[PDB]
Every structure is written in structure tokens, then in C-alpha cells.
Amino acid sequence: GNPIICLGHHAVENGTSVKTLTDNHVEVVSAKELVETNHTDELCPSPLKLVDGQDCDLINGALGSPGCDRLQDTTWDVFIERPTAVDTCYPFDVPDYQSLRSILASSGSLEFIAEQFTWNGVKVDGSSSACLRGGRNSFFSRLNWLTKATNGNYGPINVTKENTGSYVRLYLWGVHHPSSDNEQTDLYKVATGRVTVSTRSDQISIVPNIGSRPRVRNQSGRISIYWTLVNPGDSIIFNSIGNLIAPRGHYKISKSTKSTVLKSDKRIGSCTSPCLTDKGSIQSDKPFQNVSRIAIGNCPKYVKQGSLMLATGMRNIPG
């Protein structure tokens, strides 16, 4: 006779396994993945301003090597370097390569403010058969090769530039290391060169070393690229009796800049994504990801786990 009333909860035939602190295998009605594993495979140019270096890395571009003409005046949040990039000019090493690359990347700009220098007592606009532009001998667009005047000697240089702007100045310069004692004298008359760039803050001086390196684009010598920062108010002095690779102007610095460089071989699509990785973009609202530790922008946190299932429902007890 007596009525019954029962209280219950829902269940499904096939649950989902999740982890608590004490059970590695609790079956719950519904669950949600928290580790993103998918990427797009193309780098999204929104909302991040991208510059594709293509054949040129960020430094070749900043120096103005042949391949790199387009890159002039480009600005970016992320500069993309491709692994297919190649040297196309006179061979060079850079001491503190990654330090300079970082500085250029952070500034997020290849807008070269050109300046005019009067180099007393030297031939200007040197070129080389290693740095072809349309098959014709050329040089770095942002550097000026100085050799002895078609006349006397490497007329001593003592050129100065005062930073009158409100911003900090980056000057890129270099030093020629010739192969033979004869190549030194042909170009610079003197037997030993010297380059001395200096501000009020600090200084560098390089005595160029002669000797043979392996031929690169048919060249036994080398150039060594250096840089100087010049604060507003301060002045820079280039002082050389031989072997200077003079600049053609400065870059802007800011220091209050957020830009960076990414090393990817993935095409620039037309998608949208705030998270860029070397493997591709990430389009997810999940809090974690196993794709790549290299992750630029608004990204999920990189973790080792492949899956982290989050219970979105009660225990499944199906009967």
C-alpha cells in the first residue's frame, strides 16, 4: 500500500577517467581537457605585427646585406627568422652575436636614420666580389668601406657625432681583418691598423689581426661587427689609423619596447591568434599546452603533460 519516493542523480553508460590526489582513475559523468595539443601550422599575422625575414636573418638585415633590401624601415612585434636564411655579403663574425640580435629584436624596427660623415683622407664606398647586388660588386648598405686615398695614406680619422635627439642611438660599425701583410698595406698603407670608438660612458679599441681564414665567397679575410650606444647629450668619436668599416647612421633604441624574434619555418597565413610558437599558432582557451616551450604572446602555460582531464560532473555510477 505505502508509496515510495526515491532521490537519485544522473548517470551515463560510458564515463570519463580523472585524477584526484588519491585515485588515479575516478570515472565521472563529464570531463574537459586542459592541455592544448593542436596548433594551426601557419603563423597568424593578427593581432601580432609580423615581419618575415625570408632569406635574411635579423642581423644581415640590420647590416643591409644583398638579400635584405626589402627589410628596410620594417617594424614588427615579432621578427621571423627562417632556417633557410643565408649570408650574401662579405664574411663576418660578431662578438656577442646573440646580445646584438637581442637588442635589435627588442627595438622592433629596422628604420635606419641616415647620417652624413666627411671622412678626411680615404676612399669611400668600397665594394667586394663576395657581396653581389645584381651580379655586381657591392657592400653592406649600412656600412662604408674605407681604403687609402688614391694618393697618400689612410689620413687619420677623428670624426664626431653629438646625440641631439631625445632617444638613445645604436651605431653599427666594424673592423677589417685582412688576410696578408700585403693586403693590409695595399688598403691601409700602415702595417698595423687601429679602430677606436668611444663615448663619455665607455669605449672599445680593436687592433686588427692579420692572417688567413678559409675562403668564404672567395675571401680569406674577415670583418668583425661591433656596436655602440649613444645617450641623448653624449657624443661618439670614431678614431682610426687603419681598417675601419665606418657606419652610415644609427638605429633608434627606445628600451620601452616589447618586440622579439621568432625562429620558425612555417608560412604566414591569414588566421588570427595571440599565441605564436615555432611549430605554429595556438588557438585555444585552455590554460596549458604541450606544443612548444617557445611561445610568444598571450599563450597557455607550457607543461610536460599530454593530458589533464578536469571533471565537469559528478561520479559516474551506472549500475
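One rule holds for the numbers: they count along the sequence shown, beginning at 1.
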ask   = Is the mean CA B factor in the deposited entry higher across 270 to 278 or across 246 to 254?
value = 246 to 254
task = Identify the stretch, either 156 to 164 or 83 to 91, whose C-alpha atoms have the larger mean B-factor according to the entry.
result = 156 to 164
ask   = According to the deposited entry, which of 229, 190, 110, 223 has the largest Cα B-factor?
value = 190
ask   = Of 103, 170, 241, 78, which one's C-alpha B factor is largest in the deposited record?
value = 241
query = Going by what the PDB entry lists, where does residue 59 fall on CA B-factor within its chain: lowest, middle or highest third?
reply = middle
task = Comparing against every modelled residue in the chain, figure out the third that the C-alpha B-factor of residue 99 lands in (lowest, middle or highest).
result = lowest
